[PDB]
C-alpha cells in the first residue's frame, strides 16, 4: 500500500517529546490486529503497518518483555 517505508511518520495523536504511548499503542494495535486476523482466518499481512511502526519506535527490551509477558499470561494491556 505504502512501501518504501522509511521510518514511523509524525502522528498527531503523539506530538510531544514523550513518545512512550506511541510505541505502546502501536504494539497493542499490532497484536490486536493480529488476533483479529488469524482468528477470523484472514491474513496477518494487513497488520503490517503497526508492526513496522512499533518495531521502529519501541526499545528492544520493551518489546521483548511485553512478548514474554503475553506468553506468560501477565501482559496487562487488553488485546
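Positions refer to the first chain, counted from 1. For clarity, a rigid core is taken as the largest C-alpha set superposing within 1.5 Å between two forms.
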In terms of RMS C-alpha distance in 7 other deposited structures of this protein following rigid core superposition, 34-42 and 47-55 differ, and the farther one is 34-42
Higher Cα RMS in 7 other deposited structures of this protein relative to the shown form (core alignment), 2-10 or 68-76, goes to 2-10
Entry-level comparison of average CA B-factors, 23-31 and 40-48, reporting the higher stretch = 40-48
Thinking about Cα B factors across the chain, which third does residue 7 belong to?
-> lowest
